[PDB]
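**Q** Below you will find the structure I want to go over with you.
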Amino acid sequence: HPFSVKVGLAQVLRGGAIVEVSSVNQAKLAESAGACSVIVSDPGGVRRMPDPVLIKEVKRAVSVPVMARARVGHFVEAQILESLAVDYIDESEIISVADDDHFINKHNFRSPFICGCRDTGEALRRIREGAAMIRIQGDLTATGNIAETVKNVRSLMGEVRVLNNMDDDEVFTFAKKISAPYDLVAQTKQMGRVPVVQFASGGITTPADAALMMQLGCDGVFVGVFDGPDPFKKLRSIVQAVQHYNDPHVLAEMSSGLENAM
Amino acid sequence: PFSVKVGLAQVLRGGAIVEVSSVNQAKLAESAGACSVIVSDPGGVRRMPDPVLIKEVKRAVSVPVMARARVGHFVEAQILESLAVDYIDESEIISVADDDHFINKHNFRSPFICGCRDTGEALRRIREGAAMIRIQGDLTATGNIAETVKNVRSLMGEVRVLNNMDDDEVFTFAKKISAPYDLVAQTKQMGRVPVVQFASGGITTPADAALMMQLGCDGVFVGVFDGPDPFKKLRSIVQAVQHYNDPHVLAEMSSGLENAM
Amino acid sequence: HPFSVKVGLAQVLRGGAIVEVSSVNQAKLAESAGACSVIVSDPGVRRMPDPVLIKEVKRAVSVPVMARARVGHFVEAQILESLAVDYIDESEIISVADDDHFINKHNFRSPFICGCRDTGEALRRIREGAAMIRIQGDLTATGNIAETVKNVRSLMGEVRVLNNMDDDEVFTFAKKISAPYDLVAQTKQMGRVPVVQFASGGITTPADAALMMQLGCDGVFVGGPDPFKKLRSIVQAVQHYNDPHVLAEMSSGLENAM
Amino acid sequence: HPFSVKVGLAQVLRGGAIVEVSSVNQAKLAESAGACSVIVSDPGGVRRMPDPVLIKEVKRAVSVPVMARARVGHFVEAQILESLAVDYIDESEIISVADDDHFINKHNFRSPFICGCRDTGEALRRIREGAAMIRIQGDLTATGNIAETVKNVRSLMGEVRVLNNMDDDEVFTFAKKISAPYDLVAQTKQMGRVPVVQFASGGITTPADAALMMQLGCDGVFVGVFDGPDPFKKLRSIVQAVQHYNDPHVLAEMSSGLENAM
Amino acid sequence: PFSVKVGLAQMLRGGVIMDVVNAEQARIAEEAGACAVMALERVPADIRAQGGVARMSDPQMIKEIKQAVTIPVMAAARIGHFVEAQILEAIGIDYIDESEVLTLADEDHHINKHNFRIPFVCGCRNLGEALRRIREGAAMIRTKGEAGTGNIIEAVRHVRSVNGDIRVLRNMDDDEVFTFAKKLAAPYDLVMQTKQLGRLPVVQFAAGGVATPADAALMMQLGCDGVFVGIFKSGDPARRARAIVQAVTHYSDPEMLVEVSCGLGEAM
């Protein structure tokens, strides 16, 4: 399907960090430190898809894929981003929701979408609408706290394990309970995984945080590093961290004299 | 010696266990393939059965004889161990004599079976000293297998969840079901309840019996006599447990049994 | 003390069963099976038994004779003491005559038993002057031993808690079980409740009677079929509460219980 | 018993005021004005037994008995005070509780303890633990208001009167209800009094307040006078007041041109 | 290897561990008889007062310490943050404290402390919570207490909680322990094992609210093997610190307690 092709595009991000930038300067730094992508962002107040002149500028200043966010259910915003020819769209509950009853019909775009989730049904529901990639929403806000993120990764991975070993006869009732499409459930069982790239996001603040998500079994992380004291340094470390997550002596060195986190 | 009782009870896998209240009933049961019988002389207060009766049954049959004690009534169990029963059922079907504690089953030579409604409960009876678990349903003579299916599914299902769970998360899992952590890891590594697991409660037909088996149990209890012709019904159920995955066998077995309960 | 003496009188009953009779006939039956004592009764409003009755029963047998007064019915007790029963049971099994206050048992020479469902209750009866404590079970003839067990357990249990407890923490413990601190401190030392402790409520079989004994009781109270047989059996059971072989032969063909 | 000896030590305070001091200056004033004792105190924040160098200094600057407070249930604090050889310890709910389930086992000390109370059972329970003296807690804080104090003295004295005239048969149930040791209840009945010195404290602020407590039937008062305008003057007055409580013309003169209370 | 981590913590009995956030301090702690230090980046009083997310401390500051004192060095790792732990094992600390004083990083699960060759100290507020941490691998328990208030009332609650039910457990009818284990929500083995031994099959310490010599000594008198302290928020860190140490090693000696508390200055 054109869906596999999208699912396929999101696979080349496996093993990377995705940094959130709001200028060109910030994008040129994230790419330098080894980000495998940069997501373009505006930054209370209402938060929307960022200006195209800015998405244009970044797209140009870096050779890594460019992502941008669209408000949930704001399909016109997503049409614009597609038109600008960015590589990925993140239907992002981080900015101001625009439709509280419906998300984008992501099967109407060429672009591969990411959607956030807090549990398995949320992820399978986003997928069925046409998400080609998932991220465990976690603690939104700039709270620097991974708890909710760990909670959400844990719920997911664990829910999939329960599913994997389930009596086939019970999977129907299970599908009903998490409010997810049965066949995408049955799929997830067959593959013992969520049929799409699964990143962690929310509250990642230290090489250690990043390596924990990876050890929990994620495909990579998002980081939102510029509210720090040495963003290049810290960002390098998180890349190194994600790249060498099972290596404590490496993780130790990356964390050394890092300067203040948030 | 626990492994010895656990090992002993294994000789029941594949069987149907019949509740009898007389020698005339324990016989019908053996002479129909009962792999063991469970004695009682049955509202009101229902207690251990009379030792005389038990001796009559024990003498009138070669199969292992089991008997009922009230929950927490150790002495009733001392008595039963004395008359030399092969198995003691600390059974909630009978008026509980202790609402806070169960017989410390590791103080006895005889093997104990207990009831359970879920994994945690089974793992708790086992740490106490049960060498065999039966998954109960209706405690009342209801002829309905619904609650029974609930508890067998619940049991199996948690074991399966546990079977594949991240080691780091078993501790909290043992907390949430209030079970001893090491019997829960034993159960994880084995992928199963470290003891024989029978279904009990509501079993009234070959189909009922055969469903529990297909659901993963090692055997079934039945209480048959609530019927039109118990001899035919009993063989039927036995055959049913014997040939549970064979639909043609089951159809024959069910044909013209008379009315159930 | 005159209390010490009273506590001594009940200690003769240690190791026995106390049958509950309401005639001469029953009291004879009970006496032959080896009942250490008998408690007189009549069976609405339940009261102290009739003194003619309590007198026929006293003459008919040779073992100690008890009788029930209503809770707080001090007069009723005065009467029993006068016709010279050996023990008085201020018994919640018959109708309560005072809801707020128990008989001030000290003002009596005849020794008192009182019921209890836990340690606080038992000590409180003791302070008022109970020389003997009996667990309470089901107040009805429910032939069910469950609550009985609960109450022996709670009692046995909190005493064990007590014995080992930090001394500084016993005051607060005294408060929480509403008990006189100085009886709590005695009990702690003695690692025991300073009086005879009989289970009662729902003893219907030898097994039941024996269970009570193995849980630590000093004896038991007992309320058709074959009474003399069953009675013998329960007495035999309390006398050999550790012999599963005897518990076995004892229980064989006792005919139907209640 | 060694308990009577302690009960006995606290009797020599009958008819006096006990002033609360936090320096040496304050102690030298209270003694001058005729205080029959001074209680050493620290002074939101956590309040503990005061420094030994300070308890040492007062003990020296005055010839009147020295009291000091220990946090409730802080038996080590009390061991220290004993070691310093002060005359009395007040297990004082005025400073920061240290054990909310247990008070000091006061029978393990040589020192006579005081404990506060709001009712009779509280007082009998403190006594049974080994308080050799009682004070009606009243309104803690520096509220200058005697109401709670009057409430608490009233409850006590009155509860004892009820007890005094009670049918002996009912005293058991009474003991149960106020949660007090029956034999200490039976005692209090025999003597128609609380078997220990009973002072008033909390909110005493004027000669009149002090004389009211005495007329209510107390053995004396505590005063906590230095948050006033003329502490010597006021303190003299309160001593005079307590000393001449049934003398209104005297009480009148003591109250005259006193300066501001609190 | 559990037996051995447990063992390794025996060396701490009668000890006063001290929280620090730099060499100067750690130097002050040993320089006063602190049996071990527990390096961080903020002391608990400041954590409460200043908010923010409290995480493992930066290696650097953990190394600059371990290279200024001879006594064992501990460090805190956010509850459940097994990767923070790792980074600590690597760096070579003596003990890791999976500390609820720092920002909980996993609400549902604690670090699996067995998967480590380094010994863990876990917080507790009651017996069960202690028997659960031990089963997860904790070698050395402590009380949650109350962190950053200078009020010792909660440590007392907890210490008493645990010692209490332990004594209850010691003399409990053998047939009643099962049930006791359910209600405790603790592993039956570990319970029976605490019954047999009459105490916590690992080193037990007090923590949270210890601010004066009397405090520390009360803990010891209540039945603790040592105390934690978070000392630098007071007036003369040295005197007070030496005093608290002296306090734990002379806990049953009032006369000395009076001596060691004499003019120590303003506490917290």
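Labels for the structure tokens follow display order: chains A, B, ..., residues from 1 in each chain, ligands from 1.
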Write out as a PDB file with C-alpha atoms, in the first residue's frame each polymer residue whose atoms come within 6 Å of residue C:146, counting only C-alpha atoms; drop sequence neighbours fewer than 2 positions from it.

**A**
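For reference, around34.pdb as written:
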```pdb
ATOM      1  CA  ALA B  97     -15.253 -22.276  60.154  1.00  0.00           C
ATOM      2  CA  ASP B  98     -12.618 -19.636  59.825  1.00  0.00           C
TER       3      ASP B  98
ATOM      4  CA  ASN C 144     -21.883 -22.822  63.467  1.00  0.00           C
ATOM      5  CA  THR C 148     -16.671 -18.385  67.979  1.00  0.00           C
ATOM      6  CA  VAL C 149     -13.365 -19.073  66.259  1.00  0.00           C
TER       7      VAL C 149
END
```

**Q** Could you work out which residues of chain C fall inside 8 Å of chain B? Count only C-alpha atoms, and format the result as a ChimeraX atom specification.

**A** /C:142-147,149-150,207-208,210-211,244-245,247-248,251-253

**Q** Specify as a PyMOL selection string all residues of chain A found within 8 Å of chain B, counting only C-alpha atoms.

**A** chain A and resi 158+161-162+165-166

**Q** With N, CA, C and O atoms retained, write the just-selected residues as an mmCIF file, in the first residue's frame.

**A**
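What ended up in result.cif:
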```cif
data_model
loop_
_atom_site.group_PDB
_atom_site.id
_atom_site.type_symbol
_atom_site.label_atom_id
_atom_site.label_comp_id
_atom_site.auth_asym_id
_atom_site.auth_seq_id
_atom_site.Cartn_x
_atom_site.Cartn_y
_atom_site.Cartn_z
ATOM 1 N N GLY A 158 3.680 -3.141 27.352
ATOM 2 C CA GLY A 158 3.120 -4.182 28.188
ATOM 3 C C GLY A 158 1.813 -4.672 27.625
ATOM 4 O O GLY A 158 1.499 -5.863 27.662
ATOM 5 N N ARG A 161 2.506 -7.071 24.925
ATOM 6 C CA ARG A 161 2.900 -8.387 25.462
ATOM 7 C C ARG A 161 1.679 -9.204 25.876
ATOM 8 O O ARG A 161 1.558 -10.381 25.531
ATOM 9 N N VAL A 162 0.771 -8.586 26.619
ATOM 10 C CA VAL A 162 -0.447 -9.272 26.987
ATOM 11 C C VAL A 162 -1.097 -9.797 25.721
ATOM 12 O O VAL A 162 -1.461 -10.966 25.623
ATOM 13 N N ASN A 165 0.428 -13.047 23.662
ATOM 14 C CA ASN A 165 0.274 -14.393 24.196
ATOM 15 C C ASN A 165 -1.199 -14.763 24.446
ATOM 16 O O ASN A 165 -1.517 -15.755 25.116
ATOM 17 N N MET A 166 -2.100 -13.961 23.904
ATOM 18 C CA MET A 166 -3.503 -14.095 24.225
ATOM 19 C C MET A 166 -4.173 -15.221 23.449
ATOM 20 O O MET A 166 -3.871 -15.451 22.282
#
```

**Q** Could you give me, as a tab-separated table, a per-residue list for chain E showing, wherever an atom lies at most 10 Å from an atom of chain B, the closest pair of atoms and their distance in Å to one decimal, using only C-alpha atoms and sorting by chain then residue number from low to high?

**A**
```
residue	atom	partner	partner_atom	distance
E:80	CA	B:168	CA	9.8
E:108	CA	B:172	CA	7.2
E:109	CA	B:172	CA	6.5
E:110	CA	B:168	CA	8.0
E:111	CA	B:168	CA	7.5
E:112	CA	B:168	CA	5.9
E:113	CA	B:168	CA	9.6
E:115	CA	B:168	CA	9.7
E:132	CA	B:171	CA	8.0
E:133	CA	B:171	CA	9.4
E:135	CA	B:171	CA	8.1
E:136	CA	B:171	CA	7.0
E:174	CA	B:104	CA	8.3
E:175	CA	B:104	CA	5.4
E:176	CA	B:101	CA	6.4
E:177	CA	B:101	CA	9.2
E:178	CA	B:128	CA	6.8
E:179	CA	B:101	CA	6.5
E:180	CA	B:101	CA	9.6
E:181	CA	B:180	CA	8.3
E:182	CA	B:178	CA	5.6
E:183	CA	B:178	CA	8.1
E:184	CA	B:178	CA	8.9
E:185	CA	B:178	CA	5.6
E:186	CA	B:180	CA	7.1
E:187	CA	B:180	CA	4.6
E:188	CA	B:180	CA	5.5
E:189	CA	B:180	CA	7.6
E:190	CA	B:180	CA	9.4
```

**Q** Generate the output file for the selected residues, N, CA, C and O atoms, as an mmCIF file, in the first residue's frame.

**A**
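Final output, saved to part_8.cif:
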```cif
data_model
loop_
_atom_site.group_PDB
_atom_site.id
_atom_site.type_symbol
_atom_site.label_atom_id
_atom_site.label_comp_id
_atom_site.auth_asym_id
_atom_site.auth_seq_id
_atom_site.Cartn_x
_atom_site.Cartn_y
_atom_site.Cartn_z
ATOM 1 N N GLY E 80 12.996 3.872 40.097
ATOM 2 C CA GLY E 80 12.652 3.270 38.815
ATOM 3 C C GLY E 80 13.597 3.614 37.678
ATOM 4 O O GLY E 80 13.506 3.036 36.591
ATOM 5 N N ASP E 108 4.951 2.993 38.726
ATOM 6 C CA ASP E 108 4.419 1.643 38.873
ATOM 7 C C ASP E 108 5.475 0.606 39.271
ATOM 8 O O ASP E 108 5.141 -0.465 39.799
ATOM 9 N N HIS E 109 6.743 0.927 39.037
ATOM 10 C CA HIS E 109 7.810 -0.047 39.222
ATOM 11 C C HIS E 109 9.103 0.555 39.751
ATOM 12 O O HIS E 109 9.508 1.646 39.340
ATOM 13 N N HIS E 110 9.745 -0.179 40.660
ATOM 14 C CA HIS E 110 11.053 0.190 41.186
ATOM 15 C C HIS E 110 12.147 -0.446 40.335
ATOM 16 O O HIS E 110 11.932 -1.462 39.667
ATOM 17 N N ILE E 111 13.331 0.154 40.381
ATOM 18 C CA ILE E 111 14.493 -0.423 39.732
ATOM 19 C C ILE E 111 14.674 -1.856 40.182
ATOM 20 O O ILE E 111 14.472 -2.184 41.347
ATOM 21 N N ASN E 112 15.047 -2.724 39.258
ATOM 22 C CA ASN E 112 15.404 -4.057 39.661
ATOM 23 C C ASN E 112 16.842 -4.028 40.142
ATOM 24 O O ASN E 112 17.774 -4.060 39.344
ATOM 25 N N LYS E 113 17.001 -3.979 41.460
ATOM 26 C CA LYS E 113 18.301 -3.746 42.068
ATOM 27 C C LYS E 113 19.203 -4.986 42.073
ATOM 28 O O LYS E 113 20.402 -4.859 42.274
ATOM 29 N N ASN E 115 19.854 -6.930 39.334
ATOM 30 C CA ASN E 115 20.657 -6.784 38.121
ATOM 31 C C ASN E 115 21.844 -5.864 38.350
ATOM 32 O O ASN E 115 22.410 -5.322 37.396
ATOM 33 N N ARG E 132 9.075 -5.456 50.450
ATOM 34 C CA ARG E 132 8.928 -5.428 48.997
ATOM 35 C C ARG E 132 10.193 -4.885 48.345
ATOM 36 O O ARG E 132 10.632 -5.423 47.338
ATOM 37 N N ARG E 133 10.780 -3.837 48.916
ATOM 38 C CA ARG E 133 12.020 -3.284 48.385
ATOM 39 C C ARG E 133 13.181 -4.285 48.497
ATOM 40 O O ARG E 133 14.108 -4.293 47.682
ATOM 41 N N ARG E 135 12.885 -7.536 48.402
ATOM 42 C CA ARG E 135 12.705 -8.607 47.439
ATOM 43 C C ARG E 135 13.161 -8.157 46.066
ATOM 44 O O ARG E 135 13.627 -8.959 45.277
ATOM 45 N N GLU E 136 13.037 -6.868 45.785
ATOM 46 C CA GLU E 136 13.475 -6.319 44.504
ATOM 47 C C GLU E 136 14.990 -6.238 44.412
ATOM 48 O O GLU E 136 15.555 -6.094 43.321
ATOM 49 N N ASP E 174 1.840 -19.534 63.940
ATOM 50 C CA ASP E 174 2.492 -19.868 62.674
ATOM 51 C C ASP E 174 1.483 -19.961 61.541
ATOM 52 O O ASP E 174 1.819 -19.653 60.399
ATOM 53 N N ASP E 175 0.258 -20.381 61.861
ATOM 54 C CA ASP E 175 -0.787 -20.545 60.846
ATOM 55 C C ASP E 175 -1.427 -19.232 60.437
ATOM 56 O O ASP E 175 -2.250 -19.213 59.527
ATOM 57 N N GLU E 176 -1.072 -18.144 61.111
ATOM 58 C CA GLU E 176 -1.702 -16.849 60.851
ATOM 59 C C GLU E 176 -0.798 -15.927 60.031
ATOM 60 O O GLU E 176 -1.251 -14.904 59.516
ATOM 61 N N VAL E 177 0.468 -16.299 59.883
ATOM 62 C CA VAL E 177 1.401 -15.497 59.086
ATOM 63 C C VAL E 177 0.994 -15.376 57.607
ATOM 64 O O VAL E 177 1.122 -14.303 57.013
ATOM 65 N N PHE E 178 0.514 -16.469 57.013
ATOM 66 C CA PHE E 178 0.020 -16.420 55.634
ATOM 67 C C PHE E 178 -0.806 -15.159 55.460
ATOM 68 O O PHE E 178 -0.429 -14.238 54.730
ATOM 69 N N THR E 179 -1.930 -15.122 56.168
ATOM 70 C CA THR E 179 -2.837 -13.994 56.108
ATOM 71 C C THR E 179 -2.086 -12.688 56.376
ATOM 72 O O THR E 179 -2.253 -11.709 55.657
ATOM 73 N N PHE E 180 -1.239 -12.672 57.391
ATOM 74 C CA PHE E 180 -0.486 -11.470 57.691
ATOM 75 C C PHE E 180 0.287 -11.008 56.456
ATOM 76 O O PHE E 180 0.464 -9.814 56.240
ATOM 77 N N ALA E 181 0.752 -11.957 55.649
ATOM 78 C CA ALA E 181 1.561 -11.626 54.476
ATOM 79 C C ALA E 181 0.695 -10.981 53.399
ATOM 80 O O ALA E 181 1.118 -10.040 52.721
ATOM 81 N N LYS E 182 -0.523 -11.488 53.252
ATOM 82 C CA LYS E 182 -1.457 -10.924 52.297
ATOM 83 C C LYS E 182 -1.736 -9.468 52.636
ATOM 84 O O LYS E 182 -1.545 -8.582 51.804
ATOM 85 N N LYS E 183 -2.177 -9.224 53.866
ATOM 86 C CA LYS E 183 -2.501 -7.877 54.320
ATOM 87 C C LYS E 183 -1.283 -6.948 54.292
ATOM 88 O O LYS E 183 -1.422 -5.743 54.103
ATOM 89 N N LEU E 184 -0.092 -7.504 54.485
ATOM 90 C CA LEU E 184 1.135 -6.718 54.370
ATOM 91 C C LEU E 184 1.461 -6.497 52.899
ATOM 92 O O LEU E 184 2.174 -5.552 52.549
ATOM 93 N N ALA E 185 0.932 -7.382 52.053
ATOM 94 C CA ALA E 185 1.235 -7.385 50.623
ATOM 95 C C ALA E 185 2.731 -7.568 50.439
ATOM 96 O O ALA E 185 3.395 -6.785 49.756
ATOM 97 N N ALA E 186 3.253 -8.614 51.069
ATOM 98 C CA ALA E 186 4.677 -8.899 51.038
ATOM 99 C C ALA E 186 4.914 -10.380 50.803
ATOM 100 O O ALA E 186 4.063 -11.212 51.104
ATOM 101 N N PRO E 187 6.086 -10.707 50.261
ATOM 102 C CA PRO E 187 6.509 -12.073 49.964
ATOM 103 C C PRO E 187 6.596 -12.934 51.222
ATOM 104 O O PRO E 187 7.287 -12.567 52.182
ATOM 105 N N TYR E 188 5.910 -14.074 51.201
ATOM 106 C CA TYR E 188 5.756 -14.912 52.384
ATOM 107 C C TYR E 188 7.094 -15.381 52.925
ATOM 108 O O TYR E 188 7.311 -15.405 54.137
ATOM 109 N N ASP E 189 7.997 -15.757 52.029
ATOM 110 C CA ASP E 189 9.332 -16.150 52.452
ATOM 111 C C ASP E 189 9.921 -15.031 53.321
ATOM 112 O O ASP E 189 10.129 -15.203 54.521
ATOM 113 N N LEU E 190 10.168 -13.875 52.715
ATOM 114 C CA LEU E 190 10.743 -12.739 53.440
ATOM 115 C C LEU E 190 10.062 -12.442 54.786
ATOM 116 O O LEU E 190 10.707 -11.971 55.719
#
```

**Q** As a VMD selection string, please: the residues near residue C:256 (cut-off 9 Å, only C-alpha atoms, same-chain neighbours under 2 positions excluded).

**A** chain C and resid 224 to 226 253 to 254 258

**Q** Take the residues from that selection and put them in a file with C-alpha atoms, as a PDB file, in the first residue's frame.

**A**
```pdb
ATOM      1  CA  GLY C 224     -32.354 -34.398  69.257  1.00  0.00           C
ATOM      2  CA  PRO C 225     -30.280 -37.385  67.934  1.00  0.00           C
ATOM      3  CA  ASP C 226     -28.375 -39.137  70.730  1.00  0.00           C
ATOM      4  CA  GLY C 253     -21.729 -42.749  64.193  1.00  0.00           C
ATOM      5  CA  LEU C 254     -22.693 -39.985  66.611  1.00  0.00           C
ATOM      6  CA  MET C 258     -28.418 -30.211  65.013  1.00  0.00           C
TER       7      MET C 258
END
```

**Q** Show which residues sit within 7 Å of stretch 224-230 of chain D, as a list in words. Count only C-alpha atoms, and ignore same-chain residues fewer than 3 positions away.

**A**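 Counting only C-alpha atoms, the residues come to residues 19, 20, 233, 234, 235, 259, 260, 261 and 262 of chain D.
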
**Q** Closest to chain A among E:225, E:154, E:165, E:64, using only C-alpha atoms?

**A**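 Selected residue with least distance to chain A: E:64.
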
**Q** I'd like a table as CSV: residues in chain D with an atom no more than 10 Å from chain E, each row giving the shortest atom pair and its distance in Å to one decimal, only C-alpha atoms counted, sorted by chain and rising residue number.

**A**
```
residue,atom,partner,partner_atom,distance
D:45,CA,E:268,CA,8.4
D:46,CA,E:151,CA,6.3
D:47,CA,E:151,CA,8.8
D:48,CA,E:212,CA,9.2
D:49,CA,E:214,CA,9.3
D:51,CA,E:263,CA,6.6
D:52,CA,E:262,CA,5.5
D:53,CA,E:263,CA,5.5
D:54,CA,E:263,CA,8.2
D:56,CA,E:262,CA,9.5
D:71,CA,E:153,CA,9.9
D:72,CA,E:153,CA,9.8
D:73,CA,E:153,CA,9.4
D:74,CA,E:218,CA,7.5
D:75,CA,E:218,CA,7.4
D:76,CA,E:218,CA,5.6
D:77,CA,E:214,CA,5.6
D:78,CA,E:214,CA,9.1
D:79,CA,E:254,CA,5.9
D:80,CA,E:258,CA,5.5
D:81,CA,E:258,CA,8.0
D:82,CA,E:254,CA,8.5
D:83,CA,E:255,CA,5.8
D:84,CA,E:258,CA,6.9
D:96,CA,E:151,CA,7.6
D:97,CA,E:153,CA,6.7
D:98,CA,E:153,CA,4.2
D:99,CA,E:153,CA,5.6
D:100,CA,E:153,CA,7.4
D:101,CA,E:157,CA,7.9
D:102,CA,E:157,CA,9.7
```

**Q** Rank nothing, just name the residue among C:117, C:176, C:73, C:58 nearest to chain D, using only C-alpha atoms.

**A**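 Of all the options, C:176 lies closest to chain D.
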
**Q** At a cut-off of 8 Å, list the chain E residues touching chain C, using only C-alpha atoms, as a ChimeraX atom specification.

**A** /E:164,167-168,171-173

**Q** Take the residues just selected and output them with N, CA and C atoms as an mmCIF file, in the first residue's frame.

**A**
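Below is the file that was written, part15.cif:
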```
data_model
loop_
_atom_site.group_PDB
_atom_site.id
_atom_site.type_symbol
_atom_site.label_atom_id
_atom_site.label_comp_id
_atom_site.auth_asym_id
_atom_site.auth_seq_id
_atom_site.Cartn_x
_atom_site.Cartn_y
_atom_site.Cartn_z
ATOM 1 N N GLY E 164 7.071 -2.241 65.217
ATOM 2 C CA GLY E 164 5.817 -2.707 65.758
ATOM 3 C C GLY E 164 5.359 -4.010 65.143
ATOM 4 N N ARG E 167 7.505 -7.026 65.767
ATOM 5 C CA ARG E 167 7.223 -7.666 67.058
ATOM 6 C C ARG E 167 5.912 -8.446 67.031
ATOM 7 N N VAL E 168 4.900 -7.887 66.383
ATOM 8 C CA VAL E 168 3.649 -8.604 66.193
ATOM 9 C C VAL E 168 3.919 -9.912 65.463
ATOM 10 N N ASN E 171 5.892 -13.117 67.300
ATOM 11 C CA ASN E 171 5.157 -14.003 68.187
ATOM 12 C C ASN E 171 3.787 -14.368 67.643
ATOM 13 N N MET E 172 3.645 -14.370 66.323
ATOM 14 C CA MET E 172 2.366 -14.703 65.728
ATOM 15 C C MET E 172 2.205 -16.200 65.528
ATOM 16 N N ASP E 173 1.004 -16.698 65.794
ATOM 17 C CA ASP E 173 0.647 -18.076 65.482
ATOM 18 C C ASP E 173 1.135 -18.416 64.075
#
```

**Q** I need the chain C residues near chain D as a ChimeraX atom specification; criterion: at most 12 Å, counting only C-alpha atoms.

**A** /C:72-74,98-107,120-121,123-129,166-185

**Q** I need the residues in stretch 8-231 of chain D that are strand (DSSP E) according to DSSP; give them as a ChimeraX atom specification.

**A** /D:16-21,38-40,66-70,88-91,113-117,131-136,198-200,220-223

**Q** May I have the residues within 12 Å of residue B:251 as a PyMOL selection string, using only C-alpha atoms and disregarding those fewer than 2 positions away in the same chain?

**A** chain B and resi 205-207+210+236-237+239-240+243-249+253-257

**Q** Taking 4 positions as the minimum chain separation for residues in the same chain, which residues sit within 10 Å of residue C:4 when counting only C-alpha atoms? Answer as a PyMOL selection string.

**A** chain C and resi 8-9+131+194-195

**Q** Just the number, please: distance in Å from atom CA of residue A:87 to atom CA of residue A:112, one decimal.

**A**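 Between atom CA of residue A:87 and atom CA of residue A:112 the gap is 7.5 Å.
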
**Q** I'd like the contact shell of residue A:239 - 9 Å cut-off, only C-alpha atoms, skipping same-chain residues fewer than 3 positions apart - returned as a list in words.

**A**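 The neighbour list is residues 16, 17, 33, 34, 35, 36, 207, 210, 234, 235, 236, 242, 243 and 244 of chain A.
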
**Q** So what do you get for atom CA of residue C:86 versus atom CA of residue C:38, distance-wise?

**A**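 Taking atom CA of residue C:86 as the start and atom CA of residue C:38 as the end point, the length is 9.9 Å.
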
**Q** Kindly give the distance, in Å, that separates atom CA of residue E:47 and atom CA of residue E:104, rounded to a single decimal.

**A** 13.1 Å
